[PDB]
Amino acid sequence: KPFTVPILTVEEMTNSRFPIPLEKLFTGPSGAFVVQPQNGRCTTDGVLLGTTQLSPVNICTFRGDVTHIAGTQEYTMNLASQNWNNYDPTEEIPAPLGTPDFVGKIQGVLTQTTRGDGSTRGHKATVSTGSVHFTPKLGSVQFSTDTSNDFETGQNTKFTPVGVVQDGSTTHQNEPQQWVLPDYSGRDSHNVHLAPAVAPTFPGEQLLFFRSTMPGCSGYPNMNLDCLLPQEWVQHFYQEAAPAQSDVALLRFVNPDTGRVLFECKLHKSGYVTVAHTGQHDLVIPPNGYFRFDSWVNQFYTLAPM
C-alpha cells in the first residue's frame, strides 16, 4: 500500500499536544535539551507511541470522579479512561492517553453531571502538572478550583482545557516549559514507556515543528507549543498503516498555484520531520501550500537547504 500524507494546509490542521489549530511551521535548535513529547507521537506505519490517542478534543482532558480536599478549593480526580471505563495503571503507557506532556499550569473548567437527576455544575479549575500531586500514571490528579463545596462524589466529572497561566510577579515566560515532561507518577517514581527523544543526525539539519500559540488566561506564560506531527497526520497514519519502505520519507512542500516546490524535508519513519536549516526560523509559506510525499530515501539523503 502506498504511503501518503494528508493534503490539508498548515492552517487547516490541529496541534497534537493541545486542542488548538496550527499556526505556522517553525524550525529551531534543540541541542541544549531533549525533545521528547508524548502526545502527537505515531510512526509512519501507524503505531501510536507515548500517550497519543486519536481525538483532537481529548488532548489535555481528564475524566473521572472527584473528592474534595477538606478545608480547601482543591479536588482530587480519580481518573477513568477517555471513554469512562476503568483506567489500568499497569498498561505499558506513561500515563492515560491524552495526559498533558509538559510542565505548566493549565487552566480550564471542571464539569459534572449527577446521574440520578441530570443536575449539572461547572467551575474554573487549574492543573499544575509539575505538582507533587500530579500522578496521572497512578490514577489521580489534583485540581485547584473556585469552589469548596459544589462537586459531588461518585459522579462523572470532566476537565476541559482552555489555556495556560503564569505568575506575573515572577520572571516572565518562566512557564510552561514545553520540553520538560511531568513526573507522571510523582516525585517518588520514574516515567515509564515513553516515546523516544528525537533529534537531527545529518549535517545541517534541525527538527521541523508544527507550531501553535496556546491561549493564556493570566500572567505572562510562554505560549509556544511545538508538535512533531499534526493531529490529522496521526489520524492518517493510524488508519492507512502503509508499510515504510525505508526509514525516511522525502516530502516536498508545494505551492499548488504555481506548482513550485518551496522546500523539501524528511519525514522519519518513527514520526518526526527534519529540514536543512540552522537557527530559529518561522517558515514563510503561502497559505495554500501543502506537503506531498515524493520518495522513500536513505538516511544519508542531502536535502536542498531551506
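In this text, residue numbers run from 1 along the sequence as written.
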{"item": "Mean temperature factor over C-alpha atoms, higher-scoring stretch between 74-82 and 217-225", "value": "74-82"}
{"item": "Greater mean Cα temperature factor according to the PDB record, 65-73 or 243-251", "value": "243-251"}
{"item": "Out of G122, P100, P96, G186, highest CA B-factor residue", "value": "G186"}
{"item": "Largest Cα B-factor, entry values, listed residues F210, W233, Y87, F143", "value": "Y87"}
{"item": "Chain-wide C-alpha B factor ranking for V35, given as lowest, middle or highest third", "value": "middle"}
{"item": "Ranked against its chain, the third holding the CA B-factor of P200", "value": "highest"}
{"item": "Modelled-residue ranking by C-alpha temperature factor, third containing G116", "value": "highest"}
{"item": "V47 - Cα temperature factor, lowest/middle/highest third of chain", "value": "highest"}
{"item": "Relative C-alpha B-factor of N156, binned into the chain's lowest, middle or highest third", "value": "lowest"}
